[PDB]
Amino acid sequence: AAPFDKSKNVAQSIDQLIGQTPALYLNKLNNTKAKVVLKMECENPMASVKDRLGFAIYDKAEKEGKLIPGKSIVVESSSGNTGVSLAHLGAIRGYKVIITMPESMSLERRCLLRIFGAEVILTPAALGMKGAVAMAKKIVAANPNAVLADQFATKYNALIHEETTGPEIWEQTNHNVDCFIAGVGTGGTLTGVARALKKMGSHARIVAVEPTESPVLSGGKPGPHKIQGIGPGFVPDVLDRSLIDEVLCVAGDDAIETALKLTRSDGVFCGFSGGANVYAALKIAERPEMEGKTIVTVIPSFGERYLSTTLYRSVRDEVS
């Protein structure tokens, strides 16, 4: 992952286009005295931050001798972006990929993976995401060539963000970050950017966002919620809590409202978690102590993947 000016050279493979994403000031929606900078992970080649984790898993596991193309089978339970990035990169790298997900998932979630030739294993609807996780573990337990991508525990996750996401942010902001805010899914983005920032001498406050309706890091009970991509309902092993200065809860409805406003104000088109992250950033930006300071957050995924979800239903309903 050495820097590589995409705008001046021809890549030998699409995985060289992952990361080195743009950064963008929040402008019309930012009515505060603080700068808000959006790390545009929606601009990755398969349109989300999980492209960095997918690449890290194939790249680093192959380099360590743990994956062998044409022999290893990569397995994961995912109804979201990790599955997509695994299916995408697995195809070009010559791995069989198996993704498990409940039978009740939308046609779009299943069809996107099958485009890249992943095998999708549908689990009983009534068993929910737990039934998909169980099926993935059983597959890996039974077959010696089948390995779990292990997104919530893998050491590669925080590392890739430490090596790439965080240093890009550091360069883009000209070494000036007063607060870094990110919703925690696997915790990789938050943990790895916080490590890089700290090694650089930054005093940035590190803020983890989680859904108000599943406030686990806050000491509450796990619960179903709307903010796809964060709030896994347990504390993931990837996450290093020691680095977090503040856990901020954002309600699913504030995330949804914010995503809808962002498209029309700033032309940023994203999913629920980018709505939650910007809502959190604007909330921090309002605090009088943040006057003149620079807050960085992340836009994790591009909006087009959500057109069929509850995120844009208010527009769907209006359109009908």
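All residue numbers are counted from 1 along the displayed sequence.
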Name the higher of the two by mean Cα B-factor in the PDB entry, 94-102 versus 216-224. 216-224
The stretch carrying the higher mean Cα B factor in the deposited entry, 107-115 or 185-193, is 107-115
Using the entry's values, work out which of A149, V140, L122, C179 has the largest Cα B factor. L122
In the PDB entry, which of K199, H161, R205, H88 has its C-alpha at the highest B-factor? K199
Considering every modelled residue of the chain and its Cα B-factor in the PDB entry, is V37 in the lowest, middle or highest third? lowest
Ranked by Cα temperature factor within the chain, is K261 in the lowest third, the middle third or the highest third? middle
In terms of the CA temperature factor given in the entry, to which third of its chain does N31 belong: lowest, middle or highest? highest
Ranked C-alpha temperature factor of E62 among modelled chain residues, by third: highest
Going by the CA temperature factor in the PDB record, which third of the chain does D253 belong to: lowest, middle or highest? highest
